[PDB]
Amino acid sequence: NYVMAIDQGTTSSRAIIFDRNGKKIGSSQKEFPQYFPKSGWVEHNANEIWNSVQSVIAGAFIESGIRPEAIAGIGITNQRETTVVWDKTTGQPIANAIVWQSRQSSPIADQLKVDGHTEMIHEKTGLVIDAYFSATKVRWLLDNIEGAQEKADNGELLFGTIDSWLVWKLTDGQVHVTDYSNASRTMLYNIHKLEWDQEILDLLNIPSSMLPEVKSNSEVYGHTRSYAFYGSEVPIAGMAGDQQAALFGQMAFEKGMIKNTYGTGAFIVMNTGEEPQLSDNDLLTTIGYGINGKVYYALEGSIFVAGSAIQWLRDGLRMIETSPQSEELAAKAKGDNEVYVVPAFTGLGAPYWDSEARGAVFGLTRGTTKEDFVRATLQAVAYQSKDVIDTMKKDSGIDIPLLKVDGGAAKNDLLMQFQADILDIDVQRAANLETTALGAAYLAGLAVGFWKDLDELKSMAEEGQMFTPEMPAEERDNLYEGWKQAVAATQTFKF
């Protein structure tokens, strides 16, 4: 009667039990520790990630009353790029996972750019050389953890993005698999030919004995053998990197269809059908998902720092008491809107890909208030999303009249209205802001035949909220122009 989704996020994990109608019948959420050993580094402990996941599985069962034997399948979805390396026999990570947020491995990406590898790597993976992606993280771990390169060389070490790490734990070590969307983010996988790339692996000295089998996004990978499911061998049947799962949960199945998820980072992903579309040094060409013997590619713009800028306001400046306070403060801003925050703490993501940029603020006067400051900080995401979406218009030739939206931070009505005004395009927000987890559930539920099809269409389609652009061209243009100026000035600070 139900499908469980596990959504293993950057700051928290969640498990959600959905029924045949696509409705939430049970759920549990648990934060886990974030580690910053040096500025610019972000790590997680993959065991503490795994316990967070055990906790929410058990929690969703405990609170709902539902037991494992009622679950038709499990979908898994996850913060992408984040890299685990673990000993195959003891199942222990050789060190902390390194988060997609981290830039600890940036020297290794810099050297790759120095040695001339840009276009080769972009033509195989669709990606920009950067420490965002898993390849340099696996190289970092092989360079810096004593003994590890030799073990990997001896076949004793496994690599996994978090999806892979989860299925391995959930099967108690039986299955080492990743799906095409997560593999496409490692910068080790050739997204054209659909295989791990030997040349990139030899170049970074990564033995291929580390690597999981890659499979589609909707098939039974294996069955649980695990405490919180115990005794049921529940099929693990749906897997996608979170931003692709969101793309899926949006039903963005046709070429051109685009969503943005507003969370710790924000990720604009457009389905480009069964063929990949050309790059530049601006968007990423990536894999949406593989299902029904077909692979759908996607174009993506990545905005690394979005809701985590709010967390900085809370934690770093202590300007706000909690993160929900940002929305109240910002609603109360009285300034002309001439302050701009460009919270690019770790570098600017799409369409700039400038790793050396850091966060900056512009247009401050003696009248600037806490409220003005918080609002500017929120609006950065909507402006950079425009940067992205206009680039995708240019790169796609595809005019875009509808942006679908989801993610915890999409709950802010004024932000969503600003986003539509600034874009001059309609913005439709999902009823259930966790379409990430729904997308994983849909993939799992199709695999095990809980749902027969994609055209069990928007059968289920509860969702609505439409934000229609109501800002005149003049205002919208002056706003965006100040943003572009702020970004160009941010880029000139290269100390």
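In this text, residue numbers run from 1 along the sequence as written.
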- Can you let me know which of the two, 299-307 or 147-155, has the higher average C-alpha B-factor in the entry? 147-155
- Per the PDB record, is the mean Cα temperature factor higher over 319-327 or over 253-261? 319-327
- Which of these has the highest Cα B-factor in the record: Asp406, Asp413, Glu81, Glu371? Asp413
- Message: Among the choices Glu69, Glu48, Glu43, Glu31, identify the one whose CA B-factor in the record is greatest.
- Response: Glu69
- Message: Could you place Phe418 in the lowest, middle or highest third of its chain by Cα temperature factor, using the values in the record?
- Response: middle
- Could you tell me which third, lowest, middle or highest, the C-alpha B-factor of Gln485 occupies within its chain? middle
- Determine, from the deposited record, the chain-internal third of the Cα B-factor for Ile398: lowest, middle or highest. highest
- Taking the C-alpha B-factors as the PDB entry records them, is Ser52 in the lowest, middle or highest third of its chain? lowest
- What third of the chain, by the recorded C-alpha B-factor, contains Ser232? highest
